Structure formats: C-alpha cells, structure tokens
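K.L.:
Provided herewith is a single structure, encoded as structure tokens, for subsequent inquiry.
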Amino acid sequence: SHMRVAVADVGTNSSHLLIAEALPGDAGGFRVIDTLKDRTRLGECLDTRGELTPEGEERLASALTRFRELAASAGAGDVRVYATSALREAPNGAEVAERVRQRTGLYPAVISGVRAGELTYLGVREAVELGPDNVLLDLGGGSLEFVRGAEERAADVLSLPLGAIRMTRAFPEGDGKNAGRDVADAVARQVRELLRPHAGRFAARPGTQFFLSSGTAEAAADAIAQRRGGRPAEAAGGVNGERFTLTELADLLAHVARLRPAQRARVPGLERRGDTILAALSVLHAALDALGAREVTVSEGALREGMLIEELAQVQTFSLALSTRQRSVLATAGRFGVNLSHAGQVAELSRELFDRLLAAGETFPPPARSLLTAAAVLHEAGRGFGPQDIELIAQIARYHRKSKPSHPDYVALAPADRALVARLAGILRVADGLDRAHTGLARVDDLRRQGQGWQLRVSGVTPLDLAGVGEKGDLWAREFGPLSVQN
Ligand SMILES: [Mg+2]
C-alpha cells in the first residue's frame with residue numbers, strides 16, 4: 001500500500017474534502033480515492049458585525065466531523081484544512097478555529113485570497129489543459145480570484161470582494177418588473193469599479209485561454225449546455241472541460257434576470273443556486289467582459305486539488321534533498337504511520353533554526369544537524385546511525401521535562417549528550433509549534449540575538465502556530481535565552 005492523504009477547504013458557500021493516495025515514483029501526483037462536499041453555507045451565518053454565529057460554528061463542526069470520519073475511514077488520518085479569509089469571521093477567526101479544533105480535532109487555517117488563488121490554479125492545472133497564457137477566474141460566495149499563469153503555476157493573483165453571497169446581499173432585489181435587470185446592472189458596476197485598476201494584468205491577448213472554477217461557473221456551464229438541448233451534467237460525468245462563450249453567458253443572465261427569484265431555481269442547471277445565481281452570473285459576465293474574454297473552459301478542479309499538489313510537492317522535494325540515511329528514516333517513519341508532510345515541515349523548520357543558530361555563534365557537535373533531522377521525522381511515532389546516535393535521536397524525539405532517575409532502565413546519557421538532547425529538543429519543539437496547525441506554510445525569515453535572548457521572525461503562521469511556540473518554547477528559553485516571535 002501507498003500513502004493516503006486528506007485535504008479539505010472551507011469556503012464561504014461550501015466545504016470540500018479530497019482523499020487521495022500518492023503516486024509511485026515520487027513524481028508529485030496522486031490518485032483520487034474519495035471526495036466530499038458539504039454545503040456549509042457559512043456566508044449565511046454572519047452577524048451584523050461580520051462575525052460567525054454559533055449556528056455557523058455548529059455547521060462548521062459538523063462539516064469537519066463528517067470530513068474527519070471519511071478520512072480516517074480511508075486510512076488518511078490527519079486532514080489539512082484551509083479556510084478562505086471570510087468564512088470564519090472578521091475579528092474572531094482565531095477563536096472560531098480553536099473552538100472547532102477542540103470539538104473535532106481539525107483546525108481551519110485561514111489563508112489569504114492570494115494563496116487561495118494560487119492553490120486553486122494548481123487544482124485547475126490538475127483538471128484541464130492549460131496553455132502558455134491562462135487567465136482563471138474563481139468565483140465563490142465571498143471573493144473572486146483572478147489568476148494569470150502558464151503551464152505550471154500562478155504568476156499573478158488578484159482577490160476582489162465580489163462573491164456571489166456578498167453581491168446578492170449588497171444589491172437587495174426589488175419586487176418590480178425590471179428588478180432582476182437592475183440588480184445585474186448594479187452588480188456589473190461594482191465589478192468594473194473594483195476591477196478597473198488592475199484589469200490590464202488579466203486582460204485577453206491573442207492566444208489567452210480563460211478558465212472558470214467553483215460552483216457558480218459549474219452551474220452556468222451545465223445550464224448553458226442544457227439550453228443547447230443538452231442533458232443534466234450527470235450525462236458526460238460533470239462539466240469538467242466544458243466550454244461556453246460570453247454571449248451564451250449573457251443570454252443565460254438575461255433569462256435569469258427576467259425570471260423571479262423563485263423561478264431561477266427551476267432553470268435547468270441552477271436548481272441549487274436560485275438565491276445567488278443572478279448576482280453571481282452578473283459578476284462572471286461583467287468581469288469576463290472587462291477582460292476581453294470571448295470563450296471560457298470550466299474546471300472541476302480547484303482549491304482542494306491544489307492543496308494536495310502543494311503538499312506532495314513539499315514532501316518529495318524534502319525527500320529528494322535528503323541523504324540515503326535520512327531517506328531511510330523517513331521511510332521508517334512512514335511505516336510507523338506518521339504524517340510525512342508534518343514530519344518534513346518540522347525537519348525543515350528544525351534545520352532552518354539550527355542553521356541560523358550556527359551562523360549566530362552557537363556551538364554544536366558535527367552529528368547535531370543529522371540527529372535533529374532524524375528526531376524531527378520520528379517525533380510523532382507512538383539504519384546507518386550508530387547506537388549512540390539512535391539513543392540521542394530517541395531522547396530528542398521523546399523529550400519531556402518530567403523524566404525517574406532511580407527507576408530501572410532509566411537512560412542517563414553522558415553530560416555532553418544530555419546537554420545536546422536538550423538543545424536539539426528545544427529546536428524541535430519550536431519547529432513543531434510552527435506547524436501545529438499542520439499547514440506546511442510556516443517559514444523562518446530571521447533569527448537574531450536579542451540581548452541574552454533571541455528574536456525569531458516567522459511567516460505563514462496561524463494563531464494556533466504562534467500559541468504553540470509560546471507553549472513549547474520554554475525549553476528553548478532555558479537553553480538559548482528568552483525567545484520573542486514576530487510576524
Ligand atoms: Mg508535531
């Protein structure tokens with residue numbers, strides 16, 4: 001058997017789960033085992049102050065509980081969860097995310113709109129045939145990402161607050177005859193307003209291919225196909241790779257705008273989106289029209305597929321850079337069943353902290369880097385190394401302030417090895433906190449001596465990661481002096 005992995009995203013409208021298995025060949029690919037979508041509709045559970053309600057917290061917990069059960073059922077174990085920037089509230093995101101972590105075990109890490117767009121672009125890459133020059137729009141309930149790239153990754157990302165829920169709420173629809181058309185016009189003016197300053201970066205040139213993802217675009221492609229006399233997206237197994245034109249979109253929108261909100265849910269393809277679909281289609285049409293697009297291709301791949309790709313990419317990049325002996329450690333860790341993505345991130349952070357400390361004058365014995373790397377890989381387990389090295393690794397990997405010296409089989413290392421274990425376990429614990437949310441995103445920017453202590457600048461950290469460093473950096477402060485974490 002190979003490695004089963006689980007990723008999940010929490011957006012404004014829905015939550016998504018991907019369970020997959022890595023491909024043999026350390027190539028970066030995967031095989032899809034199962035997928036799940038939960039219509040969490042958190043954008044409907046925001047209060048007057050932009051915070052998520054307890055009902056919205058309940059819906060979130062149910063989604064992560066279903067997600068975590070399916071993943072454990074497949075052998076996936078840990079589920080990395082990213083949330084878009086609006087789903088978890090304007091000021092209380094940290095509190096909401098800690099709460100669901102306590103209730104379910106999974107921690108929804110808020111990422112930026114830019115990072116969401118980059119990852120979504122990778123999922124699109126996994127689904128469709130990108131060219132040398134691609135513009136992707138990803139419309140959700142909260143934001144719209146514009147992304148331009150070539151055949152492998154995003155080069156430029158813009159994130160605008162033009163989500164289908166947000167636009168539906170911002171232009172309440174009247175009860176008159178042209179009420180739909182008026183909502184669509186006003187939404188179209190909001191789109192141009194926010195897009196005009198940066199439209200050039202995403203405008204059509206000869207050969208530009210436009211792509212659309214997420215559920216609005218998927219519902220639109222279905223509806224347009226059935227307008228050309230097609231069958232529900234059941235036939236043809238979905239809408240992946242389907243194409244449609246700006247004109248067809250406009251006609252769909254004209255039809256939807258003439259209909260009453262109730263009647264839109266009886267338009268074939270729109271059956272599940274009647275409440276937002278008018279605003280959402282005005283956003284797509286108005287944004288594409290501003291960019292000069294004439295035809296699009298719809299993609300069923302999106303954020304969750306890009307999450308899997310980035311995770312496997314970080315895993316195998318670390319694996320390839322490792323030595324023969326260290327790769328054997330990673331393989332052994334996998335056999336025990338540890339999260340290799342978490343192992344690799346903690347090893348990389350450990351190595352980064354270790355190297356900064358060396359550059360700052362901290363002395364370490366030659367095998368120190370090698371012992372820390374191996375203990376980092378094995379730190380969550382419930383060949384080519386000497387028996388002393390293995391014992392050091394073991395103690396680094398399983399360090400706790402409370403040993404009992406007199407109890408039989410107590411392992412008392414020589415004073416120099418005692419001191420080494422304590423310093424390397426202090427690094428390891430800080431690195432472990434920096435990936436406490438299991439995002440793979442933390443990075444060490446700088447590590448400077450702050451008097452008799454140190455100052456550590458980090459990026460890509462969630463509130464849970466910073467709190468973890470404060471709880472686990474106690475050993476570091478004892479060995480290296482007080483530690484302040486910033487950014
Ligand atoms: Mg850990």
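Identifiers in this document derive from the order of the structure tokens: chains are assigned A, B, ..., residues are numbered from 1 separately in each chain, and ligands are numbered from 1 in order of occurrence.
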Step by step, measure atom-to-atom distances between ligand 1 and each residue using only C-alpha atoms and all ligand atoms, keep those at most 8 Å, then write them as a list in words.
P.N.:
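Final answer, ordered by chain and number: residues 342, 343, 346, 379, 380, 429, 432, 433, 435 and 436 of chain A.
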K.L.:
Just the residues within 12 Å of residue 228 in chain A, please, counting only C-alpha atoms, with nothing from its chain fewer than 2 positions along; format it as a list in words.
P.N.:
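Listed by chain and then number, they are residues 221, 222, 223, 224, 225, 226, 230, 231, 232, 244, 248, 251, 252 and 268 of chain A.
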K.L.:
Keeping only N, CA and C atoms, take the residues you just selected and write them out as a PDB file, in the first residue's frame.
P.N.:
ATOM      1  N   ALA A 221     -22.219  26.386 -16.703  1.00  0.00           N
ATOM      2  CA  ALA A 221     -21.868  25.531 -17.833  1.00  0.00           C
ATOM      3  C   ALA A 221     -22.927  24.471 -18.064  1.00  0.00           C
ATOM      4  N   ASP A 222     -23.391  23.851 -16.990  1.00  0.00           N
ATOM      5  CA  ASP A 222     -24.491  22.908 -17.089  1.00  0.00           C
ATOM      6  C   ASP A 222     -25.715  23.558 -17.714  1.00  0.00           C
ATOM      7  N   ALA A 223     -26.115  24.725 -17.201  1.00  0.00           N
ATOM      8  CA  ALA A 223     -27.360  25.343 -17.652  1.00  0.00           C
ATOM      9  C   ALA A 223     -27.287  25.701 -19.125  1.00  0.00           C
ATOM     10  N   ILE A 224     -26.130  26.202 -19.567  1.00  0.00           N
ATOM     11  CA  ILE A 224     -25.927  26.590 -20.958  1.00  0.00           C
ATOM     12  C   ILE A 224     -25.943  25.360 -21.858  1.00  0.00           C
ATOM     13  N   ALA A 225     -25.325  24.263 -21.402  1.00  0.00           N
ATOM     14  CA  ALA A 225     -25.349  23.011 -22.153  1.00  0.00           C
ATOM     15  C   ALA A 225     -26.773  22.515 -22.355  1.00  0.00           C
ATOM     16  N   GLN A 226     -27.601  22.609 -21.319  1.00  0.00           N
ATOM     17  CA  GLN A 226     -28.986  22.175 -21.414  1.00  0.00           C
ATOM     18  C   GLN A 226     -29.837  23.152 -22.204  1.00  0.00           C
ATOM     19  N   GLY A 230     -29.023  20.066 -24.168  1.00  0.00           N
ATOM     20  CA  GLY A 230     -28.225  19.010 -23.517  1.00  0.00           C
ATOM     21  C   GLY A 230     -28.946  18.372 -22.341  1.00  0.00           C
ATOM     22  N   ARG A 231     -28.347  17.335 -21.746  1.00  0.00           N
ATOM     23  CA  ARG A 231     -28.953  16.636 -20.583  1.00  0.00           C
ATOM     24  C   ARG A 231     -28.266  17.104 -19.298  1.00  0.00           C
ATOM     25  N   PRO A 232     -28.837  16.857 -18.100  1.00  0.00           N
ATOM     26  CA  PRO A 232     -28.157  17.219 -16.847  1.00  0.00           C
ATOM     27  C   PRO A 232     -26.725  16.685 -16.827  1.00  0.00           C
ATOM     28  N   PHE A 244     -17.892  27.414 -23.018  1.00  0.00           N
ATOM     29  CA  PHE A 244     -19.029  28.228 -23.395  1.00  0.00           C
ATOM     30  C   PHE A 244     -18.522  29.636 -23.681  1.00  0.00           C
ATOM     31  N   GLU A 248     -23.309  33.250 -24.802  1.00  0.00           N
ATOM     32  CA  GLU A 248     -24.197  32.297 -24.151  1.00  0.00           C
ATOM     33  C   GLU A 248     -24.394  32.655 -22.687  1.00  0.00           C
ATOM     34  N   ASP A 251     -26.864  35.487 -22.518  1.00  0.00           N
ATOM     35  CA  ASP A 251     -28.243  35.067 -22.734  1.00  0.00           C
ATOM     36  C   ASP A 251     -28.784  34.363 -21.502  1.00  0.00           C
ATOM     37  N   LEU A 252     -27.968  33.506 -20.877  1.00  0.00           N
ATOM     38  CA  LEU A 252     -28.376  32.882 -19.623  1.00  0.00           C
ATOM     39  C   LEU A 252     -28.731  33.936 -18.589  1.00  0.00           C
ATOM     40  N   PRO A 268     -32.966  24.816 -15.626  1.00  0.00           N
ATOM     41  CA  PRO A 268     -32.116  23.609 -15.619  1.00  0.00           C
ATOM     42  C   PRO A 268     -30.639  23.921 -15.424  1.00  0.00           C
TER      43      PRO A 268
END
K.L.:
Taking the backbone alone, and naming residues the way the document does, which bits of range 404-473 of chain A are strand (DSSP E) by DSSP, as a list in words?
P.N.:
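Strand (DSSP E) assignments inside range 404-473 of chain A correspond to residues 443, 444, 445, 446, 447, 448, 449, 450, 453, 454, 455, 456, 457, 458 and 459 of chain A.
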K.L.:
From the list A:150, A:413, A:302, A:382, which residue is nearest residue 337 in chain A when using only C-alpha atoms?
P.N.:
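For residue 337 in chain A, the nearest of the candidates is A:382.
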K.L.:
Give one line per residue of range 80-186 of chain A that approaches range 276-300 of chain A to at most 8 Å, naming the two atoms of the closest pair and their distance in Å to one decimal, counting only C-alpha atoms; sort by chain then ascending residue number and deliver it as JSON lines.
P.N.:
{"residue": "A:124", "atom": "CA", "partner": "A:299", "partner_atom": "CA", "distance": 5.8}
{"residue": "A:127", "atom": "CA", "partner": "A:299", "partner_atom": "CA", "distance": 6.1}
{"residue": "A:128", "atom": "CA", "partner": "A:299", "partner_atom": "CA", "distance": 6.4}
{"residue": "A:139", "atom": "CA", "partner": "A:284", "partner_atom": "CA", "distance": 7.6}
{"residue": "A:162", "atom": "CA", "partner": "A:283", "partner_atom": "CA", "distance": 7.1}
{"residue": "A:163", "atom": "CA", "partner": "A:280", "partner_atom": "CA", "distance": 7.3}
{"residue": "A:164", "atom": "CA", "partner": "A:280", "partner_atom": "CA", "distance": 4.6}
{"residue": "A:165", "atom": "CA", "partner": "A:276", "partner_atom": "CA", "distance": 6.1}
{"residue": "A:167", "atom": "CA", "partner": "A:279", "partner_atom": "CA", "distance": 6.0}
{"residue": "A:168", "atom": "CA", "partner": "A:279", "partner_atom": "CA", "distance": 5.4}
{"residue": "A:180", "atom": "CA", "partner": "A:278", "partner_atom": "CA", "distance": 7.3}
{"residue": "A:183", "atom": "CA", "partner": "A:279", "partner_atom": "CA", "distance": 7.0}
{"residue": "A:184", "atom": "CA", "partner": "A:282", "partner_atom": "CA", "distance": 5.3}
{"residue": "A:185", "atom": "CA", "partner": "A:282", "partner_atom": "CA", "distance": 7.6}
K.L.:
For CA of residue 78 in chain A and CA of residue 113 in chain A, determine how far apart the two atoms are, in Å to one decimal place.
P.N.:
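It comes out at 24.1 Å.
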K.L.:
Which is closest to residue 56 in chain A among A:376, A:68, A:38, A:96, if we use only C-alpha atoms?
P.N.:
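Answer, going by the shortest atom-to-atom distance: A:96.
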K.L.:
One decimal, in Å: what's the spacing between CA of residue 358 in chain A and CA of residue 401 in chain A?
P.N.:
25.0 Å
K.L.:
Mind checking which residues fall within 8 Å of residue 88 in chain A, counting only C-alpha atoms, ignoring those fewer than 6 positions away in the same chain, and posting them as a ChimeraX atom specification?
P.N.:
/A:42,51-52,96-97,110
K.L.:
Export C-alpha atoms of the chosen residues as an mmCIF file, in the first residue's frame?
P.N.:
data_model
loop_
_atom_site.group_PDB
_atom_site.id
_atom_site.type_symbol
_atom_site.label_atom_id
_atom_site.label_comp_id
_atom_site.auth_asym_id
_atom_site.auth_seq_id
_atom_site.Cartn_x
_atom_site.Cartn_y
_atom_site.Cartn_z
ATOM 1 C CA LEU A 42 -21.215 29.881 6.381
ATOM 2 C CA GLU A 51 -18.518 37.603 12.954
ATOM 3 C CA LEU A 52 -19.586 33.974 12.539
ATOM 4 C CA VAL A 96 -13.792 30.109 15.946
ATOM 5 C CA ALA A 97 -10.940 27.959 14.610
ATOM 6 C CA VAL A 110 -7.261 30.951 7.324
#
